[PDB]
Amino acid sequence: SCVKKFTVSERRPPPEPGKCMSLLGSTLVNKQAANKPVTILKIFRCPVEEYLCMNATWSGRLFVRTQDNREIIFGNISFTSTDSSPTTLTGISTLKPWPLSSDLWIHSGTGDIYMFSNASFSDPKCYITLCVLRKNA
């Protein structure tokens, strides 16, 4: 089962088959707990729709901003959507050697970015490109 939804964008429609769309941002998955001095674990998610319920590909670039306004792209990520199944992570690539501290890492299971609030850089963000596929692509 898959119920078509599009909440990762509030002012733009999803692309038509077979067009693409650029998405920039990140969700704070554990928002309710995190918005309540101590260093805490924040979990971030790319702007990726779990119930897109259409054959599509997601291709994103993950980055942070340093204390000297420099953007560090620490990794690449990919997801696929199907008309019959929810969105699944299909791959992660990390910049080697790791350009950041141990205070941020990407989870392998999901593509979730785990960060400690004591980090000497900004919250992670994803430059995602959503490409919806034509019928029988």
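When you see a residue number, it is the position in the sequence shown, counting from 1.
As the entry records it, the average C-alpha temperature factor is higher for 63-71, out of 63-71 and 46-54. Stretch comparison (128-136 versus 1-9) by mean CA B-factor in the PDB entry places 1-9 on top. In this entry, the residue among 80, 39, 76, 27 with the greatest C-alpha B factor is 39. The residue among 33, 106, 100, 89 whose C-alpha atom has the highest B-factor in the PDB entry is 33. Per-chain ranking of the deposited C-alpha B factor places residue 119 in the highest third.
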